[PDB]
Amino acid sequence: XXXXXXXXXXXXXXXXXXXXXXXXXXXXXXXXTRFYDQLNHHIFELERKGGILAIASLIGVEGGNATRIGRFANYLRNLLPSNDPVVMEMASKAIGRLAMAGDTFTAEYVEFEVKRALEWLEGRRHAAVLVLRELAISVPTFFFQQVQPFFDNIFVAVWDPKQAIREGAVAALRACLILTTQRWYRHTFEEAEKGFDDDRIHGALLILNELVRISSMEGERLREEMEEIXXXXXXXXXXXXXXXXXXXXXXXXXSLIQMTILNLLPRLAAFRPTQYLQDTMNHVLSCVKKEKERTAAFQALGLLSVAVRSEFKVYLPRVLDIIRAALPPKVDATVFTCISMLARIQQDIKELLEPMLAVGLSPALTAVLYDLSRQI
């Protein structure tokens, strides 16, 4: 009970590590209690990954009520202020599993974390974002109690000179603005467009991406399915002209900006579908030859083909020659995903089969060829 559990928990810190945390939950479901509190403290202070695996897994297993929240809150509150990568995001998941238990302390515990996150907003700044993102998923009600401080504090913290924050801080804006839609939009577009007028490019474009995508679910529902295999409408010409001017100018200026361009180009075209399309197609086709953007280039090209139906048919001979040249040598996991969305145009796919199958058996290929025969 005590000695054998402490030995198996030591192996989690030192595939097999997550299995011991799952086996500890299976053994704890059958059930001593004091030694598990000491065993969490033994692994905590030294290790931090194996300690989070022990604490977070036993929540929603044994039956932790009032005494368990007060103890384990102190461990999570110490990790978040300053930590390394990977350990930070696991510690933020440990908030979410504890916070969705449905106890009386949830009102106090969540609002303690949300209020302290606004003070910070770099291993400090990105931590507050991971707390706010994970609490928005797990606890929708008590996260809505501080929305006006949320939007105002984040537009100060986003524009600090960092890349790791820009990826996560827009995901906090994603988790917050989705809660507004189901139940602010002017304050997002006003403060974002002020920022555009290379640190002030790739962050603004990701913030504008949220306003295009939430306003029109038609853009995301094409993207969500292929992966498995008023406000924005008013300032459409203002947002589209600023992004197209930013994309056409910044061709080889500063990997990150080219990645955010290929995210927006299809989602802006899916909002409102020739000169905008012709400038898009020149940027997309040229990005395929270059590496880094080669994965995202076909993804944008696949989204654009479904949204823009008739006008894309002129650029079929250009795209299909690149696909016919890319496959013969055998990265290609995305190549198959976009050929399914290209049909979503029939006789040309018959010639595409003799290299497609010659690549080899992959989980992407047989997922595609099955869903290829469904639609056409």
How many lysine pairs are close in the chain, with Cα atoms under 29 Å apart and the two 8 or more places apart or on different chains? 22
Per-residue ellipticity at 222 nm for the chain, helices alone: DSSP H runs ≥ 4 residues times -39500 (n - 2.57), over residue total, nearest 500 deg cm²/dmol? -23500 deg cm²/dmol
Using only the alpha-carbon atoms of segment 94-184 as identical scatterers, what base-10 log of I(q)/I(0) does the Debye formula give at q = 0.13, 0.15 Å⁻¹? -0.39, -0.52
Alpha-carbon gyration tensor eigenvalues x 5, square-rooted, for segment 1-96, Å: 20, 16, 12
Using alpha-carbon positions, the gyration tensor of segment 239-293 gives root eigenvalues a ≥ b ≥ c; with a/c under 1.5 called rounded, otherwise prolate if a/b exceeds b/c, else oblate, the class is prolate
Charges only on Cβ, +1 for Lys and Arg, -1 for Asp and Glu: so what's the dipole of segment 217-284 about the Cα centre, in debye to the nearest 20? 280 debye
Protection-proxy order for peptides 99-112, 125-138, each taking the mean of Cβ atoms within 10 Å per residue, highest first: 125-138, 99-112
Shape call for segment 152-303 from the C-alpha gyration tensor, a ≥ b ≥ c root eigenvalues: rounded (a/c under 1.5), prolate (a/b greater than b/c) or oblate? rounded
Using Cα-only point scatterers and the Debye equation, what is log10 of I(q)/I(0) for segment 191-231 at each q in 0.18, 0.34 Å⁻¹, rounded to two decimals? -0.62, -1.09
Please report, for the Cα atoms of segment 132-174, the Rg to one decimal and the Dmax as a whole number; what are they, in angstrom? 10.9, 32
For peptides 211-224, 76-89, sequence by mean Cβ density within 10 Å, most packed first: 211-224, 76-89
Listed residues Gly60, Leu301, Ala164: farthest to the positive end of the dipole of the chain (Cβ charges): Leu301
Rg to Rh for segment 131-226: what is it, with Cα atoms only and Rh by Kirkwood? 0.95
Just the projected area, averaged over all directions, of the convex hull on the alpha carbon atoms of segment 269-376: how many nm²? 6.8 nm²
For the chain, take N as its residue count and report Rg(C-alpha) divided by 2.2 N^0.38 Å. 1.17
Can you tell me which of 295-303, 312-320 comes out highest on packing, and rank the rest after it, using the mean Cβ neighbours within 10 Å? 295-303, 312-320
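Any read-out appearing in this document is the output of simple, stated calculations on the displayed coordinates, not a laboratory observation. Positions of Cβ are generated from backbone atoms using ideal geometry, with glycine treated the same way; all protein chains shown enter the neighbour counts.
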